[PDB]
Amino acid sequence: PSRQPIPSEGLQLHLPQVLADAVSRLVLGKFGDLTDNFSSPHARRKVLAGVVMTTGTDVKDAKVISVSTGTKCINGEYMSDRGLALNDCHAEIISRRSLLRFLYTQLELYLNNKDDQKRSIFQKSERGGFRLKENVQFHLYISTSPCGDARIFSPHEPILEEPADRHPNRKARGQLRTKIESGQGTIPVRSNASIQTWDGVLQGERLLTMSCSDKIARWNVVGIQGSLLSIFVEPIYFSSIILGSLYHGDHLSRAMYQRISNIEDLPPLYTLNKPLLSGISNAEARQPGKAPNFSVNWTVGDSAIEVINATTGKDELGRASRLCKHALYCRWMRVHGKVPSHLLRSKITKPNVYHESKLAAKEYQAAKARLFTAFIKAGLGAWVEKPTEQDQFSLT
């Protein structure tokens, strides 16, 4: 029972397993195109992730939106106060950032001219700002379970038709967990209950990053688009989360939403999203060898992939990623300049430092707070954020 697909909503649009297999084959295949049939220098990977867009039932209308690899987070010495480094390079995190690039591209496409508006996935909303066209869905693929609550118990593959977790009620279950710098495992936040400081980390206090389980759960409440895009667009959710290996429905469902089913008072258009969960027909084999210190990314449209040093958050020549805070802020700023002010979902005007700009997304910020309270009241710990200095920068 445990190695079984957990279906989505109350009216079924795709066959669960056909969709699962499809997005798996497509992400894996596109990675193949990008790496000269896995022969490339950076074709080496431990964890692969990607996003697939569907526009209709025609399962051959699927598009690979983004592809990524990576299993590491930035080293503490390398945090950037100018927002030029990538803090978390676990593949699925990277694949969502690549999807952000795609969304900015689509909005820009809409605003470009009238003949392009038909081709863009967005349309004007009656409520102000933009919304996805009626048929458009995104699906997340990870070649393995996201670290934290979905993966920490049962690191192995289930013997199939094996009942769920024998110890479903431990205090440990559902607990928020952090990747800890220079240590393995993912650890409860309740043990590290103080806030992180810039000068604390720089000195040697271990930098904590929220686990991928926790981050995806968050996506299943505030959306995948993030604060900045939420000023233009309505919340966007993944319709499916597909795992190429290590799929445990009990653990995955608990981790992705069920543990915070006590969430209340979400602002309009926000909700606790319960996407299709599924493993695939033929689970991926363990990728042999040492895990690469690099992390690869690609967004549809791009000529090349980009290779980032996960340790440093930058590329081999020390240049900023096209996925860093600063690049995203630049994209956001250009769109912001091209969007008529009667078309903003939030028209509160703030100074042009990153953190202030995110705060302009009042409703998103409120959803985020509902989320945190959900985890706390469910006894699952307080969210751990980056030191506040992280986001105080402007575009020079």
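The term rigid core refers to the most C-alpha atoms you can superpose between the two forms while keeping them within 1.5 Å. Sequential numbering from 1, following the sequence displayed.
A.B. asks: Using RMS Cα distance over all structures and residues, flag whichever of 147-155 and 261-269 lies farther from this form in 5 other deposited structures of this protein after a core fit.
C.D. replies: With the rigid core superposed, the C-alphas that lie farther in 5 other deposited structures of this protein are those of 147-155.
A.B. asks: Output the stretch, either 340-348 or 29-37, that has more C-alpha displacement from this form in 5 other deposited structures of this protein following superposition by the rigid core.
C.D. replies: After the core superposition, the stretch with higher RMS deviation in 5 other deposited structures of this protein is 340-348.
A.B. asks: Using the B-factors recorded in the PDB entry, average over the C-alpha atoms of 153-161 and of 233-241, then report which stretch comes out higher.
C.D. replies: Comparing 153-161 with 233-241, the higher average CA B-factor belongs to 153-161.
A.B. asks: When the Cα temperature factors in the entry are averaged, is it 165-173 or 90-98 that ends up higher?
C.D. replies: On average, C-alpha B-factors are higher across 165-173.
A.B. asks: Can you tell me which of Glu108, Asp315, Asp81, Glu181 has the maximum CA B-factor listed in the PDB entry?
C.D. replies: If I rank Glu108, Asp315, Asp81, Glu181 by C-alpha B-factor, first place goes to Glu108.
A.B. asks: According to the deposited entry, which of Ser68, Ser357, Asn37, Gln365 has the largest Cα B-factor?
C.D. replies: Each of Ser68, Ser357, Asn37, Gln365 was compared by C-alpha B-factor; the highest is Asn37.
A.B. asks: If you rank the chain by CA B-factor, which third does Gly379 end up in: lowest, middle or highest?
C.D. replies: For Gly379, the deposited C-alpha B-factor lands in the middle third.
A.B. asks: Sorting the chain's modelled residues by C-alpha B-factor, tell me whether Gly223 ends up in the lowest, middle or highest third.
C.D. replies: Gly223: CA B-factor falls in the lowest third of its chain.
A.B. asks: Among the modelled residues of this chain, does the Cα B factor of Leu328 put it in the lowest, middle or highest third?
C.D. replies: Middle third, going by the recorded CA B-factors of the chain.
A.B. asks: Is the Cα B-factor recorded for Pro288 in the lowest, middle or highest third of its chain?
C.D. replies: Top third by C-alpha B-factor.
A.B. asks: Considering only modelled residues of the same chain, in which third does the CA B-factor of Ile74 rank: lowest, middle or highest?
C.D. replies: For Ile74, whose C-alpha B-factor we compare with every modelled residue in the chain, the answer is the lowest third.
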